[PDB]
Amino acid sequence: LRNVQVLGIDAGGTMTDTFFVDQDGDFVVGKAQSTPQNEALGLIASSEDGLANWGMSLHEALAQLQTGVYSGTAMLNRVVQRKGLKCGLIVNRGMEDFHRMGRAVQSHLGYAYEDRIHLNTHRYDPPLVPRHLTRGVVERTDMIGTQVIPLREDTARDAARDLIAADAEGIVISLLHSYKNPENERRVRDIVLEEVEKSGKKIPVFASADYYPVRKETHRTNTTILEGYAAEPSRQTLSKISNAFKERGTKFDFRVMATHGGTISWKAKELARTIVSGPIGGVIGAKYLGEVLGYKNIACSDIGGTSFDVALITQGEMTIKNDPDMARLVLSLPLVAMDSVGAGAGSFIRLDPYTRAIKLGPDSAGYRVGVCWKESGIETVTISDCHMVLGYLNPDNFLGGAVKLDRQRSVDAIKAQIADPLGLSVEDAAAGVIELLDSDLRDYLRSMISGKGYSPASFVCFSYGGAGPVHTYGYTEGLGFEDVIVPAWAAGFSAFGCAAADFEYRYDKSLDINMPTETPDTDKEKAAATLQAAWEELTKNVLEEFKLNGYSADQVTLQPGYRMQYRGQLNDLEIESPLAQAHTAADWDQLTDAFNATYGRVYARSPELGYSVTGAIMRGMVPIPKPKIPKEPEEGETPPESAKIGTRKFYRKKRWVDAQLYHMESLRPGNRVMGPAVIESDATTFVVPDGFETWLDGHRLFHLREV
Amino acid sequence: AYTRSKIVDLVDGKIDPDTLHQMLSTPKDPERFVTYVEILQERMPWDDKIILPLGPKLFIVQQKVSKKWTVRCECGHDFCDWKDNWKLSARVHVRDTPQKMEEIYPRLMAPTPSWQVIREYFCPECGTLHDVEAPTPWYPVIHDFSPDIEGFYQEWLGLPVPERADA
Ligand SMILES: Nc1ncnc2c1ncn2[C@@H]1O[C@H](COP(=O)(O)O)[C@@H](O)[C@H]1O
Ligand SMILES: [Zn+2]
């Protein structure tokens with residue numbers, strides 16, 4: 001009677017999350033410790049935990065699934081732990097060192113403010129390509145493509161022969177301004193291919209113009225090396241992960257998450273886009289619901305055990321960071337933009353010895369939770385320990401009770417580490433920390449929306465993650481959101497979002513079109529031609545990716561795009577082309593109008609200064625089974641008595657209060673819960689203090705009010 | 001506090017990255033000095049008590065017999081009283097010519113001896129290099145460090161001051 005159709009995974013967070021959903025939108029969320037040395041184990045265990053809540057076995061469910069998506073640390077750890085091939089590098093003679101120099105910035109990427117200024121904490125990771133596997137060719141092309149120093153091909157043959165003699169398992173080629181004029185770089189590419197053929201050895205060649213033709217040599221060269229360093233090894237890892245499921249019943253090809261928020265095959269030609277590990281799925285999930293619910297402006301809030309992540313969906317679209325840094329590497333990958341606010345509910349709480357100020361993080365207990373877990377060994381209190389003291393969390397229901405927690409351990413550790421030093425009671429100390437955390441998150445949401453030129457009233461707030469529903473009341477209080485939403489599957493929303501993502505390949509190329517306000521048609525005719533030619537080069541890449549996955553062009557839905565701005569001023573939006581192709585001066589006028597329209601919709605305009613195109617975009621989408629959103633008829637306002645599961649005292653605003661406990665899954669659409677109550681699940685807790693109310697809709701989404 | 005082996009790795013320069021980052025970003029351990037000195041003590045070929053390390057191989061030591069405090073090289077050579085400047089009782093080699101300068105720097109990258117001179121202060125017995133000054137000509141020998149050992153031991157560490165005799 002039950003048909004499990006879609007599977008979503010997110011192993012990048014505190015642990016391995018799995019999200020299963022059936023033909024009706026009924027769901028379960030699985031949780032199990034991650035096993036990065038062999039991620040298959042944790043993926044199986046997590047799936048078995050989730051399906052157990054349905055009374056189902058893994059063996060029975062996998063045979064039903066018709067699609068599944070994975071996101072995690074497979075690619076990330078392969079880069080961080082430097083377990084890739086012996087890839088070589090060919091650059092411009094005289095600049096062989098610019099890769100391993102890391103542009104200086106890679107000595108302090110991912111550092112908290114205090115570590116960034118604390119010089120001695122700075123540290124270089126080993127270069128992806130060592131010096132002895134780097135060579136140079138004599139050539140220079142300037143910023144507009146003029147060949148200042150023509151390519152000296154004899155230096156390319158020698159470079160290629162040098163790396164082949166060093167038994168290079170890959171050869172990357174990156175010359176300056178090849179994104180502008182790829183003539184020389186692609187000539188070096190061909191010369192390398194020839195000398196490889198002669199040698200009889202199997203050595204793939206990667207030209208940065210063919211893979212990531214964008215400005216910034218450091219970003220671009222890193223991103224192309226990943227294709228020759230970690231791509232094929234990552235394919236092996238993802239083969240085992242997908243083989244583990246396949247040899248257990250799955251009849252589909254697994255897809256994986258990409259930086260740009262779309263899913264791609266794990267056999268893709270470009271797999272550097274799978275280095276993403278953060279919960280960008282959560283942003284894709286909220287957008288997917290907004291599309292169906294009618295919410296254009298959404299503030300996403302993922303409060304997990306290891307991170308506090310936030311993001312905005314403004315007018316249906318989400319922001320893409322184009323020159324991000326990941327794994328302490330500057331990269332040329334379009335990434336869904338999220339901001340980290342902290343180190344999760346496992347964030348350690350300390351008193352600075354010199355100041356006695358309260359410090360959260362930046363390190364986190366993570367899966368170890370806190371001191372309340374005696375067998376974890378954690379000796380330092382965490383935000384979760386404050387939830388134990390204050391009574392928000394059920395000691396006997398952490399992961400259904402799998403984790404043996406002792407609330408008295410939290411009371412004792414907070415008393416010696418925080419409360420007594422400050423002269424406070426244990427409850428006031430814990431409540432105070434939670435108060436500090438709520439203000440940080442509340443202000444960071446307010447400021448973020450204010451930055452886009454909006455007020456929270458124009459927005460809706462989504463609160464998910466295992467610990468999101470624990471703080472929703474606190475960091476949404478008084479902001480005046482149109483609606484505050486807690487999904488019933490909050491503990492696996494990031495995994496739900498991976499399954500909601502499109503099967504979407506994306507390719508980018510840099511441009512430098514400069515157009516005054518008024519110009520003759522010929523000039524407009526050449527601008528459209530430049531953009532059109534870029535679209536044509538990217539369309540090839542997109543359709544080739546799908547052709548390898550077994551999909552034909554007439555099955556792919558292409559959406560051309562470009563990044564445009566009023567000259568001199570930058571923007572954080574990308575425009576979908578109203579036209580599949582641009583040729584005439586009128587077609588160009590449509591593209592400039594599309595930006596003016598999008599700019600006014602999201603946000604002040606300045607058509608006077610002209611327009612600049614800095615990049616072209618091509619996206620190709622193929623329809624795939626997506627998680628069904630429940631749409632059940634709503635029942636009575638009063639929750640069933642079977643949902644009441646006792647009372648627990650929790651502490652808020654200097655008051656101990658008897659709170660009604662509820663079994664989340666037992667509640668029904670239409671039910672209303674009046675605080676003080678705690679709606680409990682096996683892997684998430686939804687706190688509703690007095691002065692707050694909640695109701696559940698047909699989609700199993702909770703709505704939070706202040707009454 | 002940190003494991004003794006971690007502090008040992010620190011001294012030997014073999015510590016791992018994650019621990020070294022901890023030591024830097026986390027609050028200092030008040031127990032570092034006591035452990036640090038003891039680690040250095042068991043590595044000396046003499047049992048004279050270290051009371052303040054001045055360098056990788058230079059220490060202020062309590063002489064086990066006279067109870068005087070002297071600056072001592074790791075090999076055992078005593079320079080002077082702890083209040084005096086050990087350099088004044090050492091051996092020096094001054095690079096005041098382009099010839100000498102180009103033995104440690106490439107030309108053009110080397111300082112100019114008429115502006116800056118390099119002084120190398122050695123231990124007379126083992127020839128260890130304990131300090132290198134780079135002043136202008138004529139410049140006095142620097143007395144780099146005059147520590148307040150009594151206040152350090154007594155007020156900051158809460159430890160008893162070692163027995164001291166006058167020189
Ligand atoms: N019943 C629960 N069981 C386990 N963790 C919970 C529960 N309720 C809330 N959590 C919180 O959810 C966090 C994990 O969130 P996540 O990283 O999304 O899985 C934990 O650190 C807790 O603070
Ligand atoms: Zn000596």
# chains A, B, ... in the order shown; residues from 1 in each chain; ligands from 1
$ interface_residues --of "chain A" --to "chain B" --cutoff "8 Å" --atoms "only C-alpha atoms" --output "VMD selection string"
chain A and resid 114 to 115 120 to 121 352 to 353
$ write_last_selection --atoms "C-alpha atoms" --output "mmCIF file, in the first residue's frame"
data_model
loop_
_atom_site.group_PDB
_atom_site.id
_atom_site.type_symbol
_atom_site.label_atom_id
_atom_site.label_comp_id
_atom_site.auth_asym_id
_atom_site.auth_seq_id
_atom_site.Cartn_x
_atom_site.Cartn_y
_atom_site.Cartn_z
ATOM 1 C CA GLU A 114 40.574 36.181 16.014
ATOM 2 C CA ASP A 115 42.503 33.482 14.143
ATOM 3 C CA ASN A 120 51.021 32.485 13.839
ATOM 4 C CA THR A 121 47.807 30.497 13.327
ATOM 5 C CA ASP A 352 37.330 34.142 28.448
ATOM 6 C CA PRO A 353 40.082 33.971 31.101
#
$ residues_around --residues "residue 117 of chain B" --least-positions-apart "3" --cutoff "9 Å" --atoms "only C-alpha atoms" --output "count of residues only"
14
$ closest_residue --among "B:36, B:138, B:153, B:59" --to "ligand 2" --atoms "only C-alpha atoms and all ligand atoms"
B:59
$ residues_near_ligand --ligand "ligand 2" --cutoff "10 Å" --atoms "only C-alpha atoms and all ligand atoms" --output "list in words"
residues 57, 58, 72, 73, 74, 75, 76, 77, 78, 79, 90, 122, 123, 124, 125, 126, 127, 128, 129 and 130 of chain B
$ residues_around --residues "residue 132 of chain A" --least-positions-apart "5" --cutoff "10 Å" --atoms "only C-alpha atoms" --output "PyMOL selection string"
chain A and resi 88-89+96+162-163+166
$ residues_near_ligand --ligand "ligand 1" --cutoff "9 Å" --atoms "only C-alpha atoms and all ligand atoms" --output "number ranges by chain"
A: 13-17, 31, 302-307, 344-347, 365-370, 383-385, 387, 392-403, 464-470, 490-494, 680-686
$ select_by_dssp --residues "segment 2-145 of chain B" --states "alpha helix (DSSP H)" --output "mmCIF file with N, CA, C and O atoms, in the first residue's frame"
data_model
loop_
_atom_site.group_PDB
_atom_site.id
_atom_site.type_symbol
_atom_site.label_atom_id
_atom_site.label_comp_id
_atom_site.auth_asym_id
_atom_site.auth_seq_id
_atom_site.Cartn_x
_atom_site.Cartn_y
_atom_site.Cartn_z
ATOM 1 N N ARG B 4 51.966 15.997 28.307
ATOM 2 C CA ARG B 4 53.393 16.291 28.338
ATOM 3 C C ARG B 4 54.026 16.064 26.971
ATOM 4 O O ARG B 4 54.849 16.867 26.520
ATOM 5 N N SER B 5 53.644 14.981 26.292
ATOM 6 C CA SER B 5 54.213 14.688 24.980
ATOM 7 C C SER B 5 53.938 15.813 23.992
ATOM 8 O O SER B 5 54.770 16.104 23.125
ATOM 9 N N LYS B 6 52.771 16.451 24.097
ATOM 10 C CA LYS B 6 52.462 17.567 23.209
ATOM 11 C C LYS B 6 53.416 18.729 23.445
ATOM 12 O O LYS B 6 53.924 19.329 22.492
ATOM 13 N N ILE B 7 53.675 19.059 24.711
ATOM 14 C CA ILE B 7 54.642 20.107 25.009
ATOM 15 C C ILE B 7 56.037 19.668 24.594
ATOM 16 O O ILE B 7 56.852 20.492 24.164
ATOM 17 N N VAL B 8 56.343 18.375 24.716
ATOM 18 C CA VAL B 8 57.627 17.867 24.242
ATOM 19 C C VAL B 8 57.729 18.030 22.733
ATOM 20 O O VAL B 8 58.753 18.479 22.206
ATOM 21 N N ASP B 9 56.670 17.656 22.012
ATOM 22 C CA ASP B 9 56.656 17.855 20.567
ATOM 23 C C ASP B 9 56.842 19.326 20.220
ATOM 24 O O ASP B 9 57.533 19.662 19.252
ATOM 25 N N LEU B 10 56.235 20.219 21.001
ATOM 26 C CA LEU B 10 56.409 21.650 20.775
ATOM 27 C C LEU B 10 57.883 22.030 20.822
ATOM 28 O O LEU B 10 58.400 22.674 19.902
ATOM 29 N N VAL B 11 58.580 21.632 21.886
ATOM 30 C CA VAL B 11 59.999 21.954 22.014
ATOM 31 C C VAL B 11 60.783 21.370 20.844
ATOM 32 O O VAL B 11 61.619 22.046 20.236
ATOM 33 N N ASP B 12 60.530 20.107 20.515
ATOM 34 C CA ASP B 12 61.248 19.442 19.436
ATOM 35 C C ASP B 12 60.789 19.886 18.053
ATOM 36 O O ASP B 12 61.359 19.429 17.057
ATOM 37 N N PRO B 17 49.682 19.882 13.503
ATOM 38 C CA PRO B 17 49.038 21.180 13.236
ATOM 39 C C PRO B 17 47.847 21.477 14.128
ATOM 40 O O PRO B 17 47.690 22.616 14.584
ATOM 41 N N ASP B 18 46.988 20.490 14.379
ATOM 42 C CA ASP B 18 45.749 20.758 15.100
ATOM 43 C C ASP B 18 46.018 21.133 16.552
ATOM 44 O O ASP B 18 45.335 21.997 17.111
ATOM 45 N N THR B 19 47.005 20.496 17.183
ATOM 46 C CA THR B 19 47.348 20.870 18.551
ATOM 47 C C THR B 19 47.976 22.255 18.597
ATOM 48 O O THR B 19 47.645 23.065 19.471
ATOM 49 N N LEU B 20 48.890 22.543 17.670
ATOM 50 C CA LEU B 20 49.524 23.856 17.642
ATOM 51 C C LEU B 20 48.490 24.957 17.455
ATOM 52 O O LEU B 20 48.590 26.024 18.073
ATOM 53 N N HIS B 21 47.487 24.721 16.604
ATOM 54 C CA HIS B 21 46.412 25.694 16.451
ATOM 55 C C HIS B 21 45.628 25.853 17.746
ATOM 56 O O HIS B 21 45.238 26.967 18.111
ATOM 57 N N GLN B 22 45.369 24.747 18.445
ATOM 58 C CA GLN B 22 44.697 24.834 19.735
ATOM 59 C C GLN B 22 45.466 25.746 20.679
ATOM 60 O O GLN B 22 44.945 26.766 21.140
ATOM 61 N N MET B 23 46.717 25.398 20.963
ATOM 62 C CA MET B 23 47.575 26.190 21.838
ATOM 63 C C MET B 23 47.506 27.683 21.531
ATOM 64 O O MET B 23 47.602 28.511 22.431
ATOM 65 N N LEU B 24 47.323 28.023 20.256
ATOM 66 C CA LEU B 24 47.347 29.421 19.843
ATOM 67 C C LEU B 24 46.009 30.110 20.089
ATOM 68 O O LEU B 24 45.967 31.236 20.597
ATOM 69 N N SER B 25 44.908 29.454 19.733
ATOM 70 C CA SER B 25 43.593 30.077 19.799
ATOM 71 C C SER B 25 42.907 29.903 21.148
ATOM 72 O O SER B 25 42.023 30.698 21.482
ATOM 73 N N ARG B 32 52.264 25.664 31.912
ATOM 74 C CA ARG B 32 53.215 25.475 30.821
ATOM 75 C C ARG B 32 54.650 25.606 31.308
ATOM 76 O O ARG B 32 55.510 24.787 30.965
ATOM 77 N N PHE B 33 54.935 26.641 32.098
ATOM 78 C CA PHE B 33 56.316 26.920 32.472
ATOM 79 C C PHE B 33 56.924 25.761 33.251
ATOM 80 O O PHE B 33 58.011 25.276 32.916
ATOM 81 N N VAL B 34 56.241 25.304 34.302
ATOM 82 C CA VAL B 34 56.785 24.230 35.129
ATOM 83 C C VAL B 34 57.109 23.015 34.270
ATOM 84 O O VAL B 34 58.198 22.437 34.367
ATOM 85 N N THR B 35 56.168 22.608 33.417
ATOM 86 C CA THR B 35 56.412 21.462 32.548
ATOM 87 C C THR B 35 57.515 21.766 31.546
ATOM 88 O O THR B 35 58.369 20.917 31.273
ATOM 89 N N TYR B 36 57.505 22.979 30.996
ATOM 90 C CA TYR B 36 58.490 23.377 29.997
ATOM 91 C C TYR B 36 59.909 23.288 30.550
ATOM 92 O O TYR B 36 60.805 22.733 29.905
ATOM 93 N N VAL B 37 60.132 23.828 31.750
ATOM 94 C CA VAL B 37 61.465 23.786 32.348
ATOM 95 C C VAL B 37 61.881 22.345 32.609
ATOM 96 O O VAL B 37 63.001 21.933 32.287
ATOM 97 N N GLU B 38 60.986 21.560 33.206
ATOM 98 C CA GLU B 38 61.304 20.171 33.514
ATOM 99 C C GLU B 38 61.695 19.404 32.256
ATOM 100 O O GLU B 38 62.666 18.639 32.264
ATOM 101 N N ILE B 39 60.964 19.605 31.159
ATOM 102 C CA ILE B 39 61.324 18.963 29.897
ATOM 103 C C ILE B 39 62.756 19.319 29.513
ATOM 104 O O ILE B 39 63.558 18.450 29.156
ATOM 105 N N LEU B 40 63.095 20.607 29.571
ATOM 106 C CA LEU B 40 64.449 21.025 29.226
ATOM 107 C C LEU B 40 65.470 20.448 30.198
ATOM 108 O O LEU B 40 66.581 20.087 29.798
ATOM 109 N N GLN B 41 65.108 20.348 31.477
ATOM 110 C CA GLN B 41 66.058 19.886 32.485
ATOM 111 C C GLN B 41 66.553 18.479 32.174
ATOM 112 O O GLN B 41 67.761 18.225 32.153
ATOM 113 N N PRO B 98 81.913 43.431 2.185
ATOM 114 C CA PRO B 98 81.104 42.723 1.180
ATOM 115 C C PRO B 98 81.467 41.256 1.064
ATOM 116 O O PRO B 98 80.586 40.414 0.854
ATOM 117 N N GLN B 99 82.754 40.928 1.197
ATOM 118 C CA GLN B 99 83.184 39.537 1.119
ATOM 119 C C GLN B 99 82.466 38.686 2.158
ATOM 120 O O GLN B 99 81.883 37.646 1.833
ATOM 121 N N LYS B 100 82.503 39.114 3.420
ATOM 122 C CA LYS B 100 81.862 38.345 4.480
ATOM 123 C C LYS B 100 80.352 38.298 4.292
ATOM 124 O O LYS B 100 79.719 37.272 4.567
ATOM 125 N N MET B 101 79.759 39.391 3.831
ATOM 126 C CA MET B 101 78.314 39.460 3.664
ATOM 127 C C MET B 101 77.822 38.477 2.614
ATOM 128 O O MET B 101 76.775 37.854 2.779
#
$ residues_around --residues "segment 575-587 of chain A" --least-positions-apart "2" --cutoff "8 Å" --atoms "only C-alpha atoms" --output "list in words"
residues 521, 522, 524, 525, 528, 529, 531, 532, 559, 560, 561, 562, 563, 564, 573, 589, 590, 591, 594, 595 and 598 of chain A
$ closest_residue --among "B:102, B:166, B:144, B:29" --to "residue 118 of chain B" --atoms "only C-alpha atoms"
B:102
$ closest_residue --among "A:485, A:76, A:513, A:225" --to "residue 293 of chain A" --atoms "only C-alpha atoms"
A:485
$ atom_distance --atom1 "atom CA of residue 127 of chain A" --atom2 "atom CA of residue 272 of chain A"
16.5 Å
$ closest_residue --among "A:628, A:441, A:207, A:381" --to "residue 309 of chain A" --atoms "only C-alpha atoms"
A:441
$ residues_around --residues "residue 391 of chain A" --least-positions-apart "4" --cutoff "10 Å" --atoms "only C-alpha atoms" --output "number ranges by chain"
A: 385-387, 395, 407, 427, 648-652, 656-657, 659, 678
$ write_last_selection --atoms "N, CA, C and O atoms" --output "CSV table (one decimal), in the first residue's frame"
chain,number,residue,atom,x,y,z
A,385,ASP,N,23.8,21.5,26.3
A,385,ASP,CA,23.7,21.3,27.8
A,385,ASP,C,22.8,22.4,28.4
A,385,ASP,O,22.2,22.1,29.4
A,386,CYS,N,22.8,23.6,27.8
A,386,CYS,CA,21.8,24.6,28.2
A,386,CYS,C,20.4,24.1,27.9
A,386,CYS,O,19.5,24.4,28.7
A,387,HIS,N,20.1,23.4,26.8
A,387,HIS,CA,18.8,22.9,26.5
A,387,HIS,C,18.4,21.8,27.6
A,387,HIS,O,17.2,21.7,27.8
A,395,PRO,N,15.9,14.3,27.9
A,395,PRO,CA,17.0,13.5,28.1
A,395,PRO,C,16.8,12.1,27.6
A,395,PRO,O,17.8,11.4,27.1
A,407,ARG,N,20.9,14.7,32.4
A,407,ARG,CA,20.7,16.1,32.7
A,407,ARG,C,21.6,16.6,33.8
A,407,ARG,O,22.0,17.8,33.8
A,427,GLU,N,20.2,28.0,36.1
A,427,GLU,CA,19.2,28.2,35.1
A,427,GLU,C,19.3,29.5,34.4
A,427,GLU,O,19.2,29.6,33.2
A,648,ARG,N,6.8,18.4,31.0
A,648,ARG,CA,8.2,18.6,31.5
A,648,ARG,C,8.3,20.1,31.8
A,648,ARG,O,7.8,20.9,31.1
A,649,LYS,N,9.0,20.4,32.9
A,649,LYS,CA,9.2,21.7,33.3
A,649,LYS,C,10.4,22.3,32.6
A,649,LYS,O,11.5,21.7,32.5
A,650,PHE,N,10.2,23.5,31.9
A,650,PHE,CA,11.3,24.2,31.4
A,650,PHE,C,11.3,25.6,31.9
A,650,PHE,O,10.3,26.1,32.4
A,651,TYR,N,12.4,26.3,31.7
A,651,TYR,CA,12.7,27.6,32.4
A,651,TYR,C,12.8,28.7,31.3
A,651,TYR,O,13.6,28.5,30.4
A,652,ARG,N,12.1,29.8,31.5
A,652,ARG,CA,12.2,30.9,30.5
A,652,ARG,C,11.6,32.1,31.2
A,652,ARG,O,10.6,32.1,31.9
A,656,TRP,N,9.9,29.0,36.1
A,656,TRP,CA,9.7,27.5,35.8
A,656,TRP,C,8.2,27.3,35.4
A,656,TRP,O,7.3,27.8,36.1
A,657,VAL,N,8.0,26.6,34.3
A,657,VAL,CA,6.7,26.5,33.7
A,657,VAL,C,6.5,25.0,33.3
A,657,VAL,O,7.3,24.4,32.7
A,659,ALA,N,5.2,22.5,31.0
A,659,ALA,CA,4.9,22.5,29.6
A,659,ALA,C,4.3,21.2,29.1
A,659,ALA,O,4.7,20.1,29.5
A,678,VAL,N,6.0,21.7,24.2
A,678,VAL,CA,7.2,21.2,23.5
A,678,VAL,C,6.7,20.0,22.6
A,678,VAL,O,6.4,18.9,23.1
$ residues_around --residues "residue 144 of chain A" --least-positions-apart "3" --cutoff "10 Å" --atoms "only C-alpha atoms" --output "PyMOL selection string"
chain A and resi 141+147+177+180-181+512
$ write_last_selection --atoms "C-alpha atoms" --output "short mmCIF file (atom, residue, chain, number, x, y, z; two decimals), in the first residue's frame"
data_model
loop_
_atom_site.label_atom_id
_atom_site.label_comp_id
_atom_site.auth_asym_id
_atom_site.auth_seq_id
_atom_site.Cartn_x
_atom_site.Cartn_y
_atom_site.Cartn_z
CA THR A 141 48.06 37.15 -24.17
CA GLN A 147 49.09 38.18 -28.20
CA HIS A 177 43.53 35.47 -20.31
CA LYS A 180 39.45 35.88 -23.52
CA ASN A 181 41.48 34.37 -26.39
CA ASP A 512 33.62 41.90 -20.98
#
$ residues_around --residues "segment 688-699 of chain A" --least-positions-apart "4" --cutoff "9 Å" --atoms "only C-alpha atoms" --output "PyMOL selection string"
chain A and resi 25+469-470+472-473+487-488+629-634+637+652+657+659+667-679+703-707
$ write_last_selection --atoms "N, CA and C atoms" --output "CSV table (one decimal), in the first residue's frame"
chain,number,residue,atom,x,y,z
A,25,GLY,N,3.4,11.8,-0.1
A,25,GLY,CA,4.1,12.8,0.7
A,25,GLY,C,4.4,12.5,2.1
A,469,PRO,N,13.9,24.3,15.3
A,469,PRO,CA,12.6,24.4,16.1
A,469,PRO,C,12.8,24.6,17.5
A,470,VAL,N,14.1,24.5,18.1
A,470,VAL,CA,14.3,24.7,19.5
A,470,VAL,C,14.5,26.2,19.7
A,472,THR,N,13.4,28.7,17.2
A,472,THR,CA,12.6,29.6,16.3
A,472,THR,C,11.9,30.7,17.1
A,473,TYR,N,11.2,30.4,18.2
A,473,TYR,CA,10.5,31.4,19.0
A,473,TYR,C,11.4,32.6,19.3
A,487,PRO,N,9.0,23.1,9.4
A,487,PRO,CA,8.6,21.9,8.7
A,487,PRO,C,8.6,20.7,9.6
A,488,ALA,N,7.6,19.9,9.5
A,488,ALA,CA,7.6,18.6,10.3
A,488,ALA,C,8.8,17.8,10.1
A,629,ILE,N,4.7,16.8,-2.0
A,629,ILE,CA,4.4,17.7,-0.9
A,629,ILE,C,3.0,17.2,-0.4
A,630,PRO,N,2.9,16.8,0.9
A,630,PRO,CA,1.6,16.4,1.4
A,630,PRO,C,0.6,17.5,1.2
A,631,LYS,N,-0.7,17.1,1.0
A,631,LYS,CA,-1.8,18.1,0.8
A,631,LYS,C,-3.1,17.5,1.4
A,632,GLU,N,-3.0,17.2,2.7
A,632,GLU,CA,-4.1,16.5,3.4
A,632,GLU,C,-5.2,17.5,3.9
A,633,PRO,N,-6.4,17.0,3.9
A,633,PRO,CA,-7.5,17.8,4.5
A,633,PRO,C,-7.3,18.0,6.0
A,634,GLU,N,-7.6,19.2,6.5
A,634,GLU,CA,-7.4,19.5,7.9
A,634,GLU,C,-8.5,19.1,8.8
A,637,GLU,N,-9.3,21.5,15.4
A,637,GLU,CA,-8.3,22.4,16.1
A,637,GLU,C,-7.7,21.8,17.3
A,652,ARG,N,12.1,29.8,31.5
A,652,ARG,CA,12.2,30.9,30.5
A,652,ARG,C,11.6,32.1,31.2
A,657,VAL,N,8.0,26.6,34.3
A,657,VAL,CA,6.7,26.5,33.7
A,657,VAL,C,6.5,25.0,33.3
A,659,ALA,N,5.2,22.5,31.0
A,659,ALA,CA,4.9,22.5,29.6
A,659,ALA,C,4.3,21.2,29.1
A,667,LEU,N,0.3,14.6,15.7
A,667,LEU,CA,-0.5,15.7,15.5
A,667,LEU,C,-1.1,15.7,14.1
A,668,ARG,N,-2.2,16.4,13.9
A,668,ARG,CA,-3.0,16.3,12.7
A,668,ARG,C,-3.1,17.7,12.0
A,669,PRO,N,-3.2,17.8,10.7
A,669,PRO,CA,-3.5,19.1,10.1
A,669,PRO,C,-4.7,19.7,10.7
A,670,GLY,N,-4.6,21.0,11.0
A,670,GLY,CA,-5.6,21.8,11.6
A,670,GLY,C,-5.4,21.9,13.1
A,671,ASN,N,-4.6,21.0,13.7
A,671,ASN,CA,-4.4,21.1,15.2
A,671,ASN,C,-3.7,22.4,15.5
A,672,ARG,N,-4.1,22.9,16.7
A,672,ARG,CA,-3.5,24.1,17.3
A,672,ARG,C,-2.9,23.7,18.6
A,673,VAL,N,-1.7,24.1,18.9
A,673,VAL,CA,-1.0,23.9,20.1
A,673,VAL,C,-0.7,25.2,20.7
A,674,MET,N,-1.2,25.5,22.0
A,674,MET,CA,-0.9,26.7,22.7
A,674,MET,C,0.2,26.5,23.7
A,675,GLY,N,1.2,27.4,23.6
A,675,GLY,CA,2.3,27.3,24.6
A,675,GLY,C,1.8,27.6,26.0
A,676,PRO,N,2.5,27.2,27.0
A,676,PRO,CA,3.9,26.5,26.9
A,676,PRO,C,3.8,25.0,26.6
A,677,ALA,N,4.3,24.6,25.4
A,677,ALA,CA,4.4,23.2,25.0
A,677,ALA,C,5.6,22.9,24.3
A,678,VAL,N,6.0,21.7,24.2
A,678,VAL,CA,7.2,21.2,23.5
A,678,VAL,C,6.7,20.0,22.6
A,679,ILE,N,6.7,20.3,21.3
A,679,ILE,CA,6.3,19.3,20.4
A,679,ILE,C,7.5,18.5,20.0
A,703,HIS,N,3.1,26.6,11.8
A,703,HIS,CA,3.2,28.0,11.7
A,703,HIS,C,3.2,28.6,13.1
A,704,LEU,N,4.1,29.5,13.4
A,704,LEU,CA,4.3,30.1,14.7
A,704,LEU,C,3.8,31.5,14.8
A,705,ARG,N,3.0,31.8,15.9
A,705,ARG,CA,2.5,33.1,16.1
A,705,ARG,C,2.8,33.5,17.6
A,706,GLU,N,2.7,34.8,17.8
A,706,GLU,CA,3.0,35.3,19.2
A,706,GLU,C,1.8,35.6,20.0
A,707,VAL,N,0.6,35.7,19.4
A,707,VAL,CA,-0.6,35.9,20.1
A,707,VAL,C,-0.5,37.2,20.9
$ atom_distance --atom1 "atom CA of residue 85 of chain B" --atom2 "atom CA of residue 42 of chain B"
26.1 Å
$ closest_residue --among "B:161, B:61, B:108, B:52" --to "residue 147 of chain B" --atoms "only C-alpha atoms"
B:52
$ select_by_dssp --residues "segment 23-165 of chain B" --states "strand (DSSP E)" --output "ChimeraX atom specification"
/B:49-55,58-62,69-73,78-81,91-95,118-122,129-133
$ closest_residue --among "A:318, A:300, A:329, A:159" --to "residue 125 of chain A" --atoms "only C-alpha atoms"
A:329
